[PDB]
């Protein structure tokens, strides 16, 4: 069994893994904000982000995660075109909804 907060963050990650904009649309809220290496996305832009993942054939795979303070920190492997990267995805779930997502890969 999975608590509601952990479940929501997991579904966000699943939508990335599946490259599935439809799932992502069901997870986020109009005020969800996401940052990926400087680029900012809010609301349906996050869905657009997933569309682009699906388009470019970018592959996400969840490796491991922990709860750090009041955010979930996911270690995700991201592949494309023969290159493999380790990215960090930090999710704050506030009041059962995805509030802020921070993607880091440097």
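Counting neighbours? That spans all protein chains shown, and the Cβs are built from the backbone with ideal geometry, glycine included. Any read-out appearing in this document is the output of simple, stated calculations on the displayed coordinates, not a laboratory observation.
When residue 85 is tested against (1) within 22 Å of residue 7 (Cα to Cα); (2) touching a strand residue (DSSP E or B) at 6+ places or on another chain (Cβ under 6 Å); (3) not in a helix (DSSP H, G or I), just one condition goes unmet, and that condition is (1). Hey, can you tell me all the residues within region 14-51 that are over 12 Å from the mean Cα position of the chain (by Cα), under 15 Å from residue 87 (Cβ atoms) and either in a helix (DSSP H, G or I) or without any contact (Cβ under 8 Å) to a residue 40 or more places away in the chain (or both)? Residues satisfying the conditions are 38, 39. Just one residue in the set 56, 33, 63 is touching a strand residue (DSSP E or B) at 6+ places or on another chain (Cβ under 8 Å) and surrounded by 14 or more Cβ atoms within 10 Å (Cβ to Cβ); that residue is 33.
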